[PDB]
Amino acid sequence: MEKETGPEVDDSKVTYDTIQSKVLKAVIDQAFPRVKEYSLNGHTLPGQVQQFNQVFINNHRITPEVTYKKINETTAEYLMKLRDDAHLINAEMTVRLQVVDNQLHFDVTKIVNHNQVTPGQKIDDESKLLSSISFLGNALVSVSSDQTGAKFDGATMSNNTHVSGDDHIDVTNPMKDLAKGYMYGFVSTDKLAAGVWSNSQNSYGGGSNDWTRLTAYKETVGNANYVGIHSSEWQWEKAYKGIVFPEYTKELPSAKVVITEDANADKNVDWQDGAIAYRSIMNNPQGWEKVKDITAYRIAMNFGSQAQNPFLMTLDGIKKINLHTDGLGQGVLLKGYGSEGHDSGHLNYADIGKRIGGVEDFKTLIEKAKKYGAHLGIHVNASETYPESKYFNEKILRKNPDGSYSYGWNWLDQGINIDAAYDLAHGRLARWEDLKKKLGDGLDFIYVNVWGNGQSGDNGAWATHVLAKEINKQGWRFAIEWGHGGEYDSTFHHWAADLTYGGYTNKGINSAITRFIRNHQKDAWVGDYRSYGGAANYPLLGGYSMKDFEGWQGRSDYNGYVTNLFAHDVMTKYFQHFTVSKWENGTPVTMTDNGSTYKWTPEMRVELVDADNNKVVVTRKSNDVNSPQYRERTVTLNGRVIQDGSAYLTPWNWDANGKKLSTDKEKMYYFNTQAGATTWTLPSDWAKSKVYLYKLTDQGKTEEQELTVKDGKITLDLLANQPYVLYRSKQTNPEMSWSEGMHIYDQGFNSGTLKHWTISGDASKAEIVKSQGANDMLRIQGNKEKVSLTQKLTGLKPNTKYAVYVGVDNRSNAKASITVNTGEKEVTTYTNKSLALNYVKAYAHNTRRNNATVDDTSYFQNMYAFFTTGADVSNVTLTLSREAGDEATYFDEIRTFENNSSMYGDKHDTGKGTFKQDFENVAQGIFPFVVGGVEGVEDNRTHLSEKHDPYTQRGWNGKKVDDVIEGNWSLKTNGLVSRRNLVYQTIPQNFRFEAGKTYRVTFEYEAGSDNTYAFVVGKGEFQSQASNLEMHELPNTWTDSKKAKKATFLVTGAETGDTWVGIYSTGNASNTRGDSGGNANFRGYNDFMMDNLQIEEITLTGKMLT
Ligand SMILES: CC(=O)N[C@H]1[C@@H](OC[C@H](N)C(=O)O)O[C@H](CO)[C@H](O)[C@@H]1O[C@@H]1O[C@H](CO)[C@H](O)[C@H](O)[C@H]1O
Ligand SMILES: [Ca+2]
Ligand SMILES: [Ca+2]
Ligand SMILES: [Ca+2]
Ligand SMILES: [Mn+2]
């Protein structure tokens, strides 16, 4: 390339003015809100040196008619009239330029559209809206190739660990052309650096073209090249299908420049100085301050009516983590907080799940969690819905150009995507307000799943900012699924924080510039995941690594959850208590992974600081990518080593909510991923103190040991992958009030003792033991006489109907029982040997080997008693018992909760009399059935279907069968045809067919096809050597009937007491009658629904005999 030239500047017809603070002067044009040049401490940066007196309004070029007024020494104002008759533009906007110390503020302070526009109302011609305002072509700041050290540095969105989103461009003549959007952008000389912020929600496209609030341009002026940073275009009045959006969707355009000398004392002026200064002018995502102290994120899952994780139970999980981390902060995402659980009832945000304890228990969870620094969030969806949801309506549904439904997710039911723009234009905001009204204060975050993938149409920067603003207005923090989503407002990105998702192209934001700026404000980054290479091969700042133990994707590994907190998250969060001040890259390395060999330039040293002038230095131990030292760092705090390679001894001076700890509560955490002794220098305020070490377990601080301090040092030679904590004085563990609000003490056997139970019989026969997943359970075995354990049920309401269950896995033939005595009445339920394996994937005691009870299996199933309190609730007792037997019974999870079922002779209490299940008052699950093994351990595709006429019922969109047969609820199975396996079955603890007695079993059913499902009678444990079943294939219920059919069967209990009945998915092909895809799923060809179950003990007489 040859040296470039462009027109010189003739300013003979220009009148300039100046506005200035004490430190910064800006020369501004009186004709147009343009800054020619900035001066600070005798140094200069150009602005827009060549006049460009045009703006673009709705993408039309306009020469504004401008009048000017200098308001005061720092502030000028411009009235800009905008007229273009041919394009129906008739408007005016007012702009102010204001110097605030070393900042320049550009604000559109008033906009008037002379066309008639009413937010929320019809507009007959959308071209009458004032929809976009662009000042592209007027740089807010620039640098010239004639200036020493002229450079531009900008960040774009990249989620590929191999590809940095950052550009670093020397501003030279000649240079390559530049006309490109950026999220962040800095220009600098060797004397001054500038950064630019804008609230513009412009996009130039997806990927690296998105979130492009700035635009950088090269312009050649005389003999110099300038690179200028412009705000990208701003949005204003918008509509969807002629309906103007609500007023709150309009945000007045704003941009700021900040200009700085050296800001990190390294005696160089570059983009890093700009980035430090940029923190004073940037938007900050709402709730960001909380992020640095949320050390323990995880998901607690409910799904398919099962109530795997009742709100009050999650509080016990929080207490376990509080003990095990010694008071680190927590963030629990409640996936399935609403309706029947995860992916039920979407859009009705206020519908808090009733079977997990409803709004009352959710409020209690939020309140009691505060003292543990545990913040709750919920999973919501703003992109698709199901017929059951109150908000399912034809008008909200997304249609394709050909008129067909845009079908969404199919799992429990077939959903349909919604049109998010229609939704915004028709009262979406009110749904968040309804949830806020019902739930009240204290919820931390809303996690909006799926948004950003286009299912509901436009989910880009503007639409996401609007959505985030609705959520933030209720006082909630915004969180999102995708690494690329919600760049402006999000504080958490699930695909950044769960390192296992999506592979190397779909992770967090791969930008040193962006991470420098915002590391402390969000978990949005690239964490350590060696097999992705590039930025993920041991990032020096770490990066959030999320695991779970409460059922999400079948995750149950508590111990691995805790070790991962300490292996990745403690130091990640430590760094978030400081701001990045310096970032030094090393030499490029060559890596090979994921099918390519590529160059990567790694960070080698990162420095951070806080408001107390503490200094943290993180250094990679080697730039050699093939050395073990590439994946090691040292960390110093004011020069003192706190991490070196596999071990750290890190101070922690913040309580679980982030508040500064008192001196006597200051501590240090030790963790080493390897065996071996390590030696550490103590800080001066520890060097002469006594020091005590504790091993951290689910019981809190254990194995107290005073350490020997020699020459101000300590040496630690402890277990690998085991957290420890150090203090300068002896510490104890607090009372945890286990299971508070649940009417019993320590329902999950987490307190390490049984002393709060009254034990009758030989107490040595009852012990707390760990499952194969380390889940503590009550075990009774080897007893020659009855052993019972009793507690009072406390805090009950008088004259109230209740259910109680205990999870039970009985490996003995001996009777294992749950008994409630109300003071006035006693009810009891028992099981002999358990015969049904547990297939509920989100449930902690399913039969997956790694959370098996014993012998690699789990037969845990909920064993219920139903009772009613009288006038006096001071002596209501719950007893677990086990008659004599050699083998073990395991019990875990005692849940007592209001319930209004009437299953026993039309009465509530466990008792004699005809059994009936109308499904209208189910405590949880699909009682008296339990899900079978048809899908193995799964988020089972059988659940309680909820009525919403007409959408859930025959005829809507050609639906062949009703989701709900009678009342508001039925038992629905979605699409589980041709599986040759058991869909669900009774178990004797839920309904016992007594030996030698005969029962009439009746129910109503829908079936979409002939002989796809069968009513079956079995006994003992089902094996798919296959078990004998009595098989009754069921015809479809709609080709020759306008409603569900009634079925009736006689069943005599086998002498072994283990008879059961159920529904089996046959080997027959279903018939979708020429329909396919979403239509076929929605219409119910492959479905089965049951309702109005009745089981009556009878004596065979007369014609019953035939
Ligand atoms: C990872 C995740 O959140 N997936 C949910 C997402 O799935 C679509 C893509 N595969 C993706 O974004 O990852 O959105 C759908 C709803 O449209 C589901 O919520 C996905 O989660 C899945 O939910 C089902 C139950 O519906 C099961 O629990 C799966 O285990 C779970 O991954
Ligand atoms: Ca510097
Ligand atoms: Ca337990
Ligand atoms: Ca019903
Ligand atoms: Mn449903």
# chains A, B, ... in the order shown; residues from 1 in each chain; ligands from 1

$ closest_atom_pairs --of "chain A" --to "ligand 1" --cutoff "6 Å" --atoms "only C-alpha atoms and all ligand atoms" --output "CSV"
residue,atom,partner,partner_atom_place_in_ligand_line,distance
A:343,CA,ligand 1,26 (O),5.1
A:409,CA,ligand 1,17 (O),4.6
A:411,CA,ligand 1,26 (O),5.1
A:450,CA,ligand 1,12 (O),5.4
A:553,CA,ligand 1,30 (O),4.7
A:939,CA,ligand 1,28 (O),5.7

$ select_by_dssp --residues "segment 416-453 of chain A" --states "alpha helix (DSSP H)" --output "list in words"
residues 420, 421, 422, 423, 424, 425, 428, 429, 430, 431, 432, 433, 434, 435, 436, 437, 438 and 439 of chain A

$ write_last_selection --atoms "C-alpha atoms" --output "PDB file, in the first residue's frame"
ATOM      1  CA  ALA A 420     -42.182 -12.434  21.640  1.00  0.00           C
ATOM      2  CA  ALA A 421     -42.736  -9.156  19.830  1.00  0.00           C
ATOM      3  CA  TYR A 422     -46.533  -9.638  19.954  1.00  0.00           C
ATOM      4  CA  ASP A 423     -46.120 -10.582  23.628  1.00  0.00           C
ATOM      5  CA  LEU A 424     -44.210  -7.360  24.448  1.00  0.00           C
ATOM      6  CA  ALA A 425     -46.867  -5.330  22.606  1.00  0.00           C
ATOM      7  CA  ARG A 428     -45.928  -9.174  28.915  1.00  0.00           C
ATOM      8  CA  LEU A 429     -44.826  -6.714  31.637  1.00  0.00           C
ATOM      9  CA  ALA A 430     -47.930  -7.452  33.711  1.00  0.00           C
ATOM     10  CA  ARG A 431     -46.937 -11.142  34.050  1.00  0.00           C
ATOM     11  CA  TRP A 432     -43.715 -10.158  35.866  1.00  0.00           C
ATOM     12  CA  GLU A 433     -45.664  -7.682  38.021  1.00  0.00           C
ATOM     13  CA  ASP A 434     -48.127 -10.456  38.991  1.00  0.00           C
ATOM     14  CA  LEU A 435     -45.277 -12.698  40.140  1.00  0.00           C
ATOM     15  CA  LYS A 436     -43.743  -9.801  42.111  1.00  0.00           C
ATOM     16  CA  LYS A 437     -47.120  -9.061  43.784  1.00  0.00           C
ATOM     17  CA  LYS A 438     -47.594 -12.719  44.802  1.00  0.00           C
ATOM     18  CA  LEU A 439     -44.054 -13.582  45.866  1.00  0.00           C
TER      19      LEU A 439
END

$ closest_atom_pairs --of "chain A" --to "ligand 4" --cutoff "8 Å" --atoms "only C-alpha atoms and all ligand atoms" --output "Markdown table"
| residue | atom | partner | partner_atom_place_in_ligand_line | distance |
| --- | --- | --- | --- | --- |
| A:917 | CA | ligand 4 | 1 (Ca) | 7.9 |
| A:918 | CA | ligand 4 | 1 (Ca) | 4.3 |
| A:919 | CA | ligand 4 | 1 (Ca) | 4.9 |
| A:920 | CA | ligand 4 | 1 (Ca) | 5.4 |
| A:964 | CA | ligand 4 | 1 (Ca) | 6.7 |
| A:965 | CA | ligand 4 | 1 (Ca) | 6.1 |
| A:966 | CA | ligand 4 | 1 (Ca) | 4.4 |
| A:967 | CA | ligand 4 | 1 (Ca) | 4.5 |
| A:968 | CA | ligand 4 | 1 (Ca) | 5.7 |
| A:969 | CA | ligand 4 | 1 (Ca) | 4.4 |
| A:970 | CA | ligand 4 | 1 (Ca) | 4.7 |
| A:1091 | CA | ligand 4 | 1 (Ca) | 5.2 |
| A:1092 | CA | ligand 4 | 1 (Ca) | 6.1 |

$ residues_near_ligand --ligand "ligand 2" --cutoff "6 Å" --atoms "only C-alpha atoms and all ligand atoms" --output "ChimeraX atom specification"
/A:262-270,273

$ residues_near_ligand --ligand "ligand 5" --cutoff "6 Å" --atoms "only C-alpha atoms and all ligand atoms" --output "list in words"
residues 344, 412, 413, 945 and 946 of chain A

$ write_last_selection --atoms "N, CA, C and O atoms" --output "JSON list (two decimals), in the first residue's frame"
[["chain", "number", "residue", "atom", "x", "y", "z"],
["A", 344, "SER", "N", -43.23, -27.16, 32.65],
["A", 344, "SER", "CA", -44.70, -27.14, 32.77],
["A", 344, "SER", "C", -45.19, -25.69, 32.90],
["A", 344, "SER", "O", -44.55, -24.87, 33.56],
["A", 412, "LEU", "N", -43.21, -33.27, 28.31],
["A", 412, "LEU", "CA", -44.43, -33.69, 29.00],
["A", 412, "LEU", "C", -45.67, -33.51, 28.13],
["A", 412, "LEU", "O", -46.65, -34.27, 28.23],
["A", 413, "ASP", "N", -45.65, -32.44, 27.34],
["A", 413, "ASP", "CA", -46.72, -32.11, 26.40],
["A", 413, "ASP", "C", -46.06, -31.49, 25.18],
["A", 413, "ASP", "O", -44.87, -31.14, 25.23],
["A", 945, "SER", "N", -51.77, -34.02, 34.15],
["A", 945, "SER", "CA", -52.19, -33.03, 33.16],
["A", 945, "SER", "C", -53.22, -32.09, 33.75],
["A", 945, "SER", "O", -54.15, -32.52, 34.47],
["A", 946, "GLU", "N", -53.09, -30.80, 33.41],
["A", 946, "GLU", "CA", -53.97, -29.76, 33.92],
["A", 946, "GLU", "C", -54.92, -29.25, 32.84],
["A", 946, "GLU", "O", -54.49, -29.00, 31.70]]

$ residues_around --residues "residue 330 of chain A" --least-positions-apart "4" --cutoff "8 Å" --atoms "only C-alpha atoms" --output "list in words"
residues 293, 294, 295, 296, 297, 318, 372, 373, 374, 375 and 656 of chain A

$ write_last_selection --atoms "N, CA, C and O atoms" --output "tab-separated table (two decimals), in the first residue's frame"
chain	number	residue	atom	x	y	z
A	293	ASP	N	-19.73	-12.66	45.56
A	293	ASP	CA	-19.94	-13.51	46.77
A	293	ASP	C	-20.84	-14.71	46.58
A	293	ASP	O	-21.04	-15.49	47.55
A	294	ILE	N	-21.35	-14.90	45.36
A	294	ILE	CA	-22.09	-16.13	45.07
A	294	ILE	C	-21.09	-17.17	44.60
A	294	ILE	O	-20.81	-17.31	43.40
A	295	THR	N	-20.56	-17.92	45.55
A	295	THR	CA	-19.51	-18.88	45.28
A	295	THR	C	-20.09	-20.24	44.88
A	295	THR	O	-19.51	-20.93	44.03
A	296	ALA	N	-21.24	-20.59	45.44
A	296	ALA	CA	-21.82	-21.91	45.22
A	296	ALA	C	-23.15	-21.83	44.46
A	296	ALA	O	-24.20	-21.81	45.06
A	297	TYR	N	-23.08	-21.74	43.13
A	297	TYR	CA	-24.25	-21.87	42.28
A	297	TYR	C	-24.62	-23.35	42.10
A	297	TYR	O	-23.72	-24.21	42.09
A	318	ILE	N	-29.04	-25.98	51.49
A	318	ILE	CA	-28.31	-24.73	51.76
A	318	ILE	C	-27.50	-24.83	53.08
A	318	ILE	O	-26.35	-24.38	53.15
A	372	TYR	N	-27.74	-17.37	55.48
A	372	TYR	CA	-26.69	-18.21	54.92
A	372	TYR	C	-26.11	-17.61	53.65
A	372	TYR	O	-25.34	-18.26	52.95
A	373	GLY	N	-26.52	-16.38	53.32
A	373	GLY	CA	-26.06	-15.76	52.07
A	373	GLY	C	-26.45	-16.57	50.84
A	373	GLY	O	-25.73	-16.56	49.83
A	374	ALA	N	-27.59	-17.25	50.93
A	374	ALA	CA	-28.05	-18.09	49.82
A	374	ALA	C	-29.15	-17.34	49.09
A	374	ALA	O	-30.20	-17.08	49.65
A	375	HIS	N	-28.91	-17.05	47.82
A	375	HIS	CA	-29.83	-16.29	46.98
A	375	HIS	C	-30.57	-17.25	46.08
A	375	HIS	O	-29.96	-18.17	45.53
A	656	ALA	N	-21.00	-14.64	54.22
A	656	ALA	CA	-21.68	-15.30	53.09
A	656	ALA	C	-22.42	-14.30	52.21
A	656	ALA	O	-22.65	-14.56	51.02

$ residues_near_ligand --ligand "ligand 3" --cutoff "10 Å" --atoms "only C-alpha atoms and all ligand atoms" --output "PyMOL selection string"
chain A and resi 316-317+746-751+768-771+774-778+807+844-845+891-894

$ write_last_selection --atoms "C-alpha atoms" --output "compact mmCIF listing (two decimals), in the first residue's frame"
# COMPACT_ATOMS: atom_id res chain seq x y z
CA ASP A 316 -31.56 -28.12 54.23
CA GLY A 317 -29.28 -28.36 51.16
CA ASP A 746 -33.75 -33.15 60.35
CA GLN A 747 -35.95 -34.89 57.74
CA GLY A 748 -32.97 -35.81 55.52
CA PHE A 749 -30.64 -37.22 58.27
CA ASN A 750 -28.03 -34.44 57.83
CA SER A 751 -27.29 -33.59 61.47
CA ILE A 768 -27.31 -43.14 59.85
CA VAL A 769 -25.47 -44.57 56.83
CA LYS A 770 -24.34 -43.16 53.45
CA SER A 771 -25.85 -44.28 50.15
CA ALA A 774 -23.07 -40.19 49.92
CA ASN A 775 -26.67 -39.34 50.80
CA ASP A 776 -27.27 -39.94 54.53
CA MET A 777 -30.19 -42.27 55.32
CA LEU A 778 -31.65 -44.02 58.37
CA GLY A 807 -38.89 -42.33 51.25
CA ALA A 844 -31.91 -37.98 44.57
CA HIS A 845 -32.63 -41.67 45.28
CA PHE A 891 -35.56 -44.44 55.19
CA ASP A 892 -34.92 -40.87 54.09
CA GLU A 893 -36.93 -37.67 53.68
CA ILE A 894 -39.94 -37.26 55.96

$ closest_residue --among "A:621, A:573, A:792, A:465" --to "residue 878 of chain A" --atoms "only C-alpha atoms"
A:792

$ closest_residue --among "A:185, A:29, A:302, A:5" --to "residue 222 of chain A" --atoms "only C-alpha atoms"
A:5

$ atom_distance --atom1 "atom CA of residue 20 of chain A" --atom2 "atom CA of residue 66 of chain A"
21.9 Å

$ closest_residue --among "A:414, A:381, A:699, A:41" --to "residue 1081 of chain A" --atoms "only C-alpha atoms"
A:414

$ residues_around --residues "segment 529-537 of chain A" --least-positions-apart "4" --cutoff "10 Å" --atoms "only C-alpha atoms" --output "VMD selection string"
chain A and resid 160 to 164 499 to 500 503 to 505 507 to 512 525 542 to 543 545 589 to 594 598 to 603 625 630 to 631
